[PDB]
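*Asks:* following this: a sequence and the matching experimental structure.
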Amino acid sequence: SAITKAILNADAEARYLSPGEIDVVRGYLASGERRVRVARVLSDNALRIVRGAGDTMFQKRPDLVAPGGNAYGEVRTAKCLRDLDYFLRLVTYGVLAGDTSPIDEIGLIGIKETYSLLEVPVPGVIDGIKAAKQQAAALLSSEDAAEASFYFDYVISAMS
Amino acid sequence: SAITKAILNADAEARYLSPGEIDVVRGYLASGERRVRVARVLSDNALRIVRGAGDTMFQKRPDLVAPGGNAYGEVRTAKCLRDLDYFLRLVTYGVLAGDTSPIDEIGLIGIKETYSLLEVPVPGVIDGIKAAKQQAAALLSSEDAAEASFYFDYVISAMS
Amino acid sequence: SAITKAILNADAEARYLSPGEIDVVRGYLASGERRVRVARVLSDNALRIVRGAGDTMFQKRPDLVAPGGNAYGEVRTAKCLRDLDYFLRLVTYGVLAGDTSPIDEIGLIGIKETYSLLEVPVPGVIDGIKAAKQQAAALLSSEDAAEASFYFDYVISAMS
Amino acid sequence: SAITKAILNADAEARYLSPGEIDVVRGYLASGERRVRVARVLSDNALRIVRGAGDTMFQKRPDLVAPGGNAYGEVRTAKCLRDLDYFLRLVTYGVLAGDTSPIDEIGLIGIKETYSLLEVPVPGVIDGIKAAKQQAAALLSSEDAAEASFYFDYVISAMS
Amino acid sequence: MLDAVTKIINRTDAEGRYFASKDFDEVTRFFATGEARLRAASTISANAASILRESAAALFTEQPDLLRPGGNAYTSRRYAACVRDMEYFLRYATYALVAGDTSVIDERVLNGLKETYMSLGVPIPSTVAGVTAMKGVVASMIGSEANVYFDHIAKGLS
Amino acid sequence: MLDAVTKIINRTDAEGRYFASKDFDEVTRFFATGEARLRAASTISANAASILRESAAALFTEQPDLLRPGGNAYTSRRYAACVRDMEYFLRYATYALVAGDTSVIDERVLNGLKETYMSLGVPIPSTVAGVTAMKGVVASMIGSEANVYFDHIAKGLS
Amino acid sequence: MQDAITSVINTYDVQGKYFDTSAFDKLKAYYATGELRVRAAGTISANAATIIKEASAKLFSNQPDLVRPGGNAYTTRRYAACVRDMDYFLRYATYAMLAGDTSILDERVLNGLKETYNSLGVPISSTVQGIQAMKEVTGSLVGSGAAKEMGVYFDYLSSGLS
Amino acid sequence: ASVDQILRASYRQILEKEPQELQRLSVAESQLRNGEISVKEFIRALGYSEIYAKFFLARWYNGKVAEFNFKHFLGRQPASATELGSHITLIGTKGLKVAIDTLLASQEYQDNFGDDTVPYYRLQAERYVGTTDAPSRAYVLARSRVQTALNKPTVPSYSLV
Ligand SMILES: CCC1=C(C)/C(=C/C2=NC(=C\c3[nH]c(/C=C4\NC(=O)[C@H](C)[C@H]4CC)c(C)c3CCC(=O)O)/C(CCC(=O)O)=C2C)NC1=O
Ligand SMILES: CCC1=C(C)/C(=C/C2=NC(=C\c3[nH]c(/C=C4\NC(=O)[C@H](C)[C@H]4CC)c(C)c3CCC(=O)O)/C(CCC(=O)O)=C2C)NC1=O
Ligand SMILES: CCC1=C(C)/C(=C/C2=NC(=C\c3[nH]c(/C=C4\NC(=O)[C@H](C)[C@H]4CC)c(C)c3CCC(=O)O)/C(CCC(=O)O)=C2C)NC1=O
Ligand SMILES: CCC1=C(C)/C(=C/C2=NC(=C\c3[nH]c(/C=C4\NC(=O)[C@H](C)[C@H]4CC)c(C)c3CCC(=O)O)/C(CCC(=O)O)=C2C)NC1=O
Ligand SMILES: CCC1=C(C)/C(=C/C2=NC(=C\c3[nH]c(/C=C4\NC(=O)[C@H](C)[C@H]4CC)c(C)c3CCC(=O)O)/C(CCC(=O)O)=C2C)NC1=O
């Protein structure tokens, strides 16, 4: 989390937390209620967010679910929706942790190699994650949506 | 119906039927066999006309059955075919009645706001009805085709 | 505008402006500088918002520019973008006026019939307006986005 | 109240609340606490405003309490100060509601016919309400003085 | 129609008494919850078409028989009237949500409606099922803020 | 009718352009004067009866022959119609003063007034003298802020 | 490196004085623009790949000889290095905009870059054209004030090269 | 709309005066307020009044009376010579009340205003195309009448048609 990153920093120079790092930890603990609210909204609405994101992604890119597409078939389409759900849950983790470390550890490191070898079109994943980002922003206030969009765009930029 | 229209016209002025109204009703009664013939041919070929018109519409506007289209999905394509069959039944009603009142009071009045709310593309519906017109013209002779084309055209004009 | 509605309401009872109507007028005059700021922001970024909304709409709904599409061609796409700019200018007018009367009188009254005759897909227009709303909300703060979205949503509702 | 006027306007046009009516409602809800303060200070001191205004009205025109006058006698003066108390309570109601409607339904619709039948001098009542406005502004801050003065002036104007 | 402030004013006027501390407190409670109610109403207004579409979908998925021939929703016109009535309920629920009081519903919606549905042949229990469906649709978007007014409409029908 | 802001909007729309710096300056100038115009309107509304009383006094002091038998203001009915006209002029001048634009006077006051006065034999110069007396009264009461609107009414009759 | 705050700090340390009203005005001015800078940096970071795609496409459309044989950007390696350098310029402009100071562009970018490019044969005029293309593309994403700010650092890079 | 708004609107639409200038129809107003008569029945009560005949028939030619009836109860003007002549004949042979009844029972009235709305003008071609045998002429006359609504024109009725 943010706390872990500050602790790792202070440990590299073998010192106690500095005023800046205390400010980071304090401002993170201050944001706890807002992060919990955002994560609750994204978590309780994961099903409709993933359904909507998948619908938008498939309308935008029909060839994925057309014969010969990477997502063609019930099983492959199910795994596609499961990947979108995975990335939504990773976004919730990133919101809760106040940094992108859990997203990197669980989902991003190796996802480029994984998708290259499975022949999964990364732009399609980006389209689905953008759709999920707008579907989440529909469910959140302006500040909460802005908070979630940071981690959504972080996922997108790691893809691209 | 034609008789209903003449009787209402008589009633509005609180009078017996006029010689012109009598001629209207008599001419309607003369056309009875021709109307029954057209309607019988249409009803006997209901499934054939519906399939052919729907197929023609679906190549003409493939965006409808394409993902993200208004008719994409087996339920929605089935409902599309069912509405085409609805309008074919209404066309038979109009042919038998000699008037367009059954078409209006069963399927035409309110279909505009209904299709607006359902985001049904009216041009697609018009193409489907024109395809049904072509199918009927194939099954009918020239005079019968013209008689049915009157009501097919009335439906087209009402939709737009 | 906001003043016009209050003055007309007073004129209905053949009386001077009531304390409530004066409260309405005073609130509008207080909101004037915020309205001018927002309207200026949407005016300087007119090309900004129009290009962003147009790209978002064409990517969301590509059949508009696909062969047989309404906006197919450079000229028809230019006219589509011009309609988007028209609605952007009308949103600015609505922001400035404090009500929706300029939008109705210039752009909304008769646009539904016009687009029906031209076979302009109203859902695509809704997509364009919602995309423009997102683009403009990007360039504004939270509050300014709120009032700009008010008139963007009025346009969306009136088109649909 | 101020809400009822906006909702009535929306209902008349058979539509949802427009941005302008939303702005009116937001302004009223923002003004609510000041309204409650003004109404509370007016309520707590009602006795002293009534006494001072009645005194001033009596001295300004002695013919009211002189023999042959409408307010001549003890019972008629009791009804006089009762009317002053009534109008003050309606002024507080109008301050709370944000409009003049409660003043209209409870006190001023039909007051002209009543006072003409009872041969009550309307100029005398107007002098009483004026005196009440001075007494009220005497114990109000300038902003609250103007807020109450709008409703006092409305009562005076509708009285004539 | 009344709202919360007007009903309080009426209650104080019936007793001919100036506002007391409890009356002021109730007024302040109404003023406090104003922004949330306005935001809920604005969200409903912006999404009226989608709410109508998905509530009609829920109603006609739960009770398909209304759309079959012989059903009271079987025509273009009767289906249009059904969704139109649902629009009535939604718009007046928004009105009552802003006002904070149900009197607008009783006057503009429920006044003579049960007898009218009996006269027309409208199945009232199915209409109540539609109102409950729209309750669920609106709760999925704005929370439980508007449940009271939809419940009032449903009970007035029932 | 229009107000100042809607007039500026129409001006920018006739040219098919967004608001520029000068347009925003003009709209800001209108917003800045709004408080003063509202104060003037409230001041006029508070004393509308006394303004009307002394305006009619001035008019009929200048031209006593209007009240005498055979004059166009000799009857209870014609005197009442005259002071009702002046009350109309004051109220609609106040409306225009609030709006910052004279279109309300064109729509609601001058829509056939000159033709009506020529038809009925109402003396137009005497009516303009009365309008001018009311303009002077209001100017002494609130300042020059409303003069133009009264002149507009005069120009609609002259 | 030096940001605006540490720039004020260094001036006042060298002259050995506590902060006065003028230093506090400079610091207030930096803090006031902080949210705009953070927003622009987040927007550029989210869009950096798109910005580079658009800018490289415009550059190679305006100068097709770069990517055809005989051009400095002709091979997969040299094309990759070209767009890599464009990634540098975008990233370091974003750093300098977030810091509100061009010192990082001197230390980390411009020092020795003309010599590197002249030794390699990399055409510097075309590199300046690419920087301009990125300036317009970035301005197309970030909005008026952020565009005006980012343009300062893009122009600083252009002047340091050209 | 409230009963007060409806009443003031009806008095302006039918008698061209504010209620204070007139002797109000107290019993008709009470019936409308109590809701056992419609707005249309109040409009007919205003038309049946002796004050209507005093305002619009005592000092007018029958063509002017027909124009007044069309402005008050339909919100428009007679467009053709046949329509104006037919209404004049109704006034001159059956009386003012029967002519007003013919206006109120007309399909035009039922469509535009029905039973609960005060009549009003509408400067739209849909207002006249289906209903009137001279639609453009009907628009021209209605727009001229609205343009100078304050005036009671003395231009001859058959010169306009
Ligand atoms: C929790 C962290 C985590 C992630 C992120 C993850 C991604 C992931 N997706 C996979 C397969 C897949 N992923 C997709 C998704 C694609 N379908 C379309 O093309 C879209 C563009 C795109 C999704 C939006 C599909 C269709 C497959 C099956 C491909 C195959 O069977 O060869 C696989 C290979 C093993 C498997 O079948 O599950 C991984 C590892 N797995 C994880 O454990
Ligand atoms: C007997 C008189 C009658 C008519 C005329 C009628 C039309 C009609 N079609 C409907 C749905 C529909 N209508 C269509 C057909 C359209 N969409 C396709 O793209 C085509 C362009 C086009 C047909 C050519 C579709 C696909 C639906 C499903 C929409 C949905 O349920 O989400 C509905 C909404 C109720 C329902 O889903 O069952 C009506 C009322 N219903 C009637 O009772
Ligand atoms: C709300 C917009 C409105 C306006 C402006 C208006 C003016 C107006 N004044 C009128 C008559 C009149 N106007 C006057 C006033 C004149 N007497 C002269 O001595 C004075 C110089 C002058 C006034 C200062 C008089 C006396 C009449 C009666 C004419 C008559 O009965 O012969 C009339 C003819 C109908 C009627 O008397 O009710 C109108 C329409 N009416 C309106 O509804
Ligand atoms: C000598 C080594 C070398 C290569 C190979 C090379 C490729 C190359 N391909 C390009 C464009 C392109 N290349 C392709 C080729 C793709 N189209 C389909 O997707 C296929 C899968 C695939 C080819 C089989 C396309 C479509 C473009 C245009 C892309 C665009 O402009 O958006 C460009 C951009 C500039 C230009 O159009 O000339 C380069 C530099 N450059 C080099 O220096
Ligand atoms: C049944 C016979 C009939 C006709 C023909 C007719 C014409 C007519 N056109 C009108 C307005 C109009 N008519 C036009 C048409 C013009 N715009 C120009 O660019 C074109 C050269 C030209 C058309 C080809 C326009 C623009 C208006 C609006 C005028 C305005 O609102 O200021 C109006 C005013 C009412 C309304 O706006 O609906 C009428 C009555 N009315 C009738 O009863």
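*Replies:* Done, it's in. Residues are numbered from 1 along each chain as shown, chains lettered A, B, ... in the order given. Ligands and ions are numbered 1, 2, ... in the order given.

*Asks:* could you use CA atoms for every contact and neighbour count after this?
*Replies:* Noted.

*Asks:* find the closest residue to chain G in chain E.
*Replies:* Nearest to chain G in chain E, going by Cα to the nearest Cα, is residue E:39, at a distance of 26.5 Å.

*Asks:* any residue of the strand or helix carrying that residue touching chain A?
*Replies:* Using DSSP states H and E, residue E:39 falls within helix E:34-46. No: applying Cα under 8 Å from any Cα of the partner chain, one finds helix E:34-46 separated from chain A by no less than 10.3 Å.

*Asks:* quick one: list the elements packing against that helix.
*Replies:* For helix E:34-46, the packing partners by 3 or more Cα pairs under 8 Å, 6 or more residues apart in numbering or on different chains; DSSP states H and E come out as helix C:142-159, helix D:19-44, helix E:76-99, helix E:124-142.

*Asks:* next secondary structure after it?
*Replies:* Per DSSP H and E, the helix or strand that comes after helix E:34-46 is helix E:48-62.

*Asks:* do that following helix and ligand 2 meet at all?
*Replies:* No: judged by Cα under 6 Å from any ligand atom, helix E:48-62 and ligand 2 are separated, with a smallest distance of 6.8 Å.

*Asks:* just want the angle from that helix to helix E:124-142.
*Replies:* Orientation check (axes from the mean of the first three to the mean of the last three Cα atoms, to 10 degrees): helix E:48-62 against helix E:124-142 gives 130 degrees.

*Asks:* number of nearby residues for residue H:38?
*Replies:* Residue H:38: 16 surrounding residues under other Cα atoms under 10 Å in any protein chain shown.

*Asks:* measure it to residue H:30 for me?
*Replies:* 12 Å (Cα to Cα, to the nearest Å).

*Asks:* ditto for residue H:6
*Replies:* With distances taken as Cα to Cα, residue H:6 is found 13 Å from residue H:30.

*Asks:* what does residue G:115 give?
*Replies:* In terms of Cα to Cα, residue G:115 sits 99 Å off from residue H:30.

*Asks:* can you check residue A:89 too?
*Replies:* In this structure, residue A:89 and residue H:30 are 68 Å apart, going by Cα to Cα.

*Asks:* quick one: which of the two has more around it?
*Replies:* Comparing residue A:89 with residue H:30 by other Cα under 10 Å, the one with more neighbours is residue A:89, at 18 against 13.

*Asks:* what separates the closest residue to that one other than its chain neighbours from residue F:15, distance-wise?
*Replies:* Nearest non-adjacent residue to residue A:89, counting by Cα to Cα, 6 or more residues apart in numbering or on different chains: residue A:43, 7.2 Å away. Applying Cα to Cα, the value for residue A:43 to residue F:15 is 51 Å.

*Asks:* between these two, who's got more neighbours?
*Replies:* A direct count of neighbours by other Cα under 10 Å for residue A:43 and residue F:15 places residue A:43 higher, at 16 against 8.

*Asks:* ok, back up a step: what's the angle between the helix holding residue E:39 and helix C:142-159?
*Replies:* Relative orientation of helix E:34-46 and helix C:142-159, computed by the same axes, to 10 degrees: 30 degrees.

*Asks:* buried residues in helix E:34-46, which are they?
*Replies:* E:34, E:37-38, E:40-46 (16 or more other Cα atoms under 10 Å in any protein chain shown).

*Asks:* do the same with stretch H:1-20
*Replies:* For stretch H:1-20, the neighbour count (16+ other Cα under 10 Å) marks H:6-11, H:13-15, H:18-19 as buried.

*Asks:* using CSV, write out every CA atom in the helix holding residue E:39.
*Replies:* Extracted in CSV, the C-alpha atoms of helix E:34-46 (Å, rounded to 0.1, in the frame of the first residue of the first chain):
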residue,chain,number,x,y,z
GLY,E,34,-32.7,18.7,0.4
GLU,E,35,-29.5,18.1,-1.6
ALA,E,36,-29.7,14.3,-1.5
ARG,E,37,-33.3,14.4,-2.6
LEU,E,38,-32.5,16.8,-5.4
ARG,E,39,-29.6,14.7,-6.6
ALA,E,40,-31.8,11.6,-6.6
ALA,E,41,-34.5,13.5,-8.6
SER,E,42,-31.9,14.7,-11.1
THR,E,43,-30.5,11.2,-11.5
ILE,E,44,-34.0,9.9,-12.1
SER,E,45,-34.8,12.7,-14.6
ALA,E,46,-31.6,12.1,-16.6
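
*Asks:* and the residue of chain G that's closest to chain B?
*Replies:* Taking Cα to the nearest Cα, chain G has residue G:50 as its residue nearest chain B, at 26.3 Å.

*Asks:* quick check, central residue of chain G?
*Replies:* Among the residues of chain G, the one closest to the centroid is residue G:93, at 2.4 Å (Cα atoms, centre = their mean).

*Asks:* what helices or strands is the helix or strand residue G:152 falls within leaning on?
*Replies:* Element membership for residue G:152, per DSSP H and E: helix G:144-161. Packing contacts for helix G:144-161, counted by 3+ Cα pairs under 8 Å, 6+ apart, involve helix G:34-62, helix G:76-99, helix G:124-142.

*Asks:* any buried residues in the longest one, and which?
*Replies:* For helix G:34-62, the neighbour count (16+ other Cα under 10 Å) marks G:34, G:36-38, G:40-52, G:55-56, G:58-60 as buried.

*Asks:* okay, the helices and strands packed on helix E:34-46, which one's buried deepest?
*Replies:* The highest mean neighbour count among the helices and strands packed on helix E:34-46, using mean count of other Cα atoms under 10 Å in any protein chain shown, belongs to helix E:76-99: a mean of 22.

*Asks:* what residues does the helix or strand that comes right after that helix touch?
*Replies:* Proceeding N to C from helix E:76-99, the next assigned helix or strand is helix E:103-108, under DSSP H and E. The contact list for helix E:103-108 (Cα atoms under 8 Å, 6 or more residues apart in numbering or on different chains) reads E:1-3, E:92-93, E:95-96, E:149, E:153, E:156.

*Asks:* show me the contacts for the spatially most central residue of chain A.
*Replies:* Centre of chain A computed as the mean C-alpha position; nearest residue by Cα atoms, centre = their mean is residue A:91, 2.9 Å away. Counting by Cα under 8 Å, 6+ apart, residue A:91 makes contact with A:103, A:148, A:151-152, A:155.

*Asks:* and the two most separated of those?
*Replies:* A:103 and A:148 (13.2 Å; Cα to Cα).

*Asks:* and stretch A:63-78, C-alpha only, in CSV?
*Replies:* This file holds the C-alpha atoms of stretch A:63-78, laid out as CSV (Å, rounded to 0.1, in the frame of the first residue of the first chain):
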residue,chain,number,x,y,z
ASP,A,63,-14.7,-9.8,-34.7
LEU,A,64,-13.6,-11.0,-31.3
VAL,A,65,-16.8,-13.0,-30.8
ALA,A,66,-17.1,-13.8,-34.5
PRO,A,67,-15.9,-17.2,-35.7
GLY,A,68,-12.1,-17.2,-35.7
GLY,A,69,-12.1,-14.6,-32.9
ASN,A,70,-10.1,-14.9,-29.7
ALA,A,71,-13.3,-14.8,-27.6
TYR,A,72,-15.5,-17.0,-29.9
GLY,A,73,-17.5,-19.7,-28.1
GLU,A,74,-19.2,-19.9,-24.8
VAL,A,75,-16.0,-20.9,-22.9
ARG,A,76,-13.8,-18.3,-24.5
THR,A,77,-16.4,-15.6,-24.0
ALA,A,78,-16.8,-16.7,-20.4
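
*Asks:* give me the buried positions along that stretch.
*Replies:* With burial defined by 16+ other Cα under 10 Å, the residues of stretch A:63-78 counted as buried are A:64-65, A:69-72, A:77.

*Asks:* what is the neighbour count of the closest residue to chain F within chain G?
*Replies:* When scored by Cα to the nearest Cα, chain G has residue G:144 as its residue closest to chain F, at 16.1 Å. Residue neighbour count, defined by other Cα under 10 Å, stands at 15 for residue G:144.
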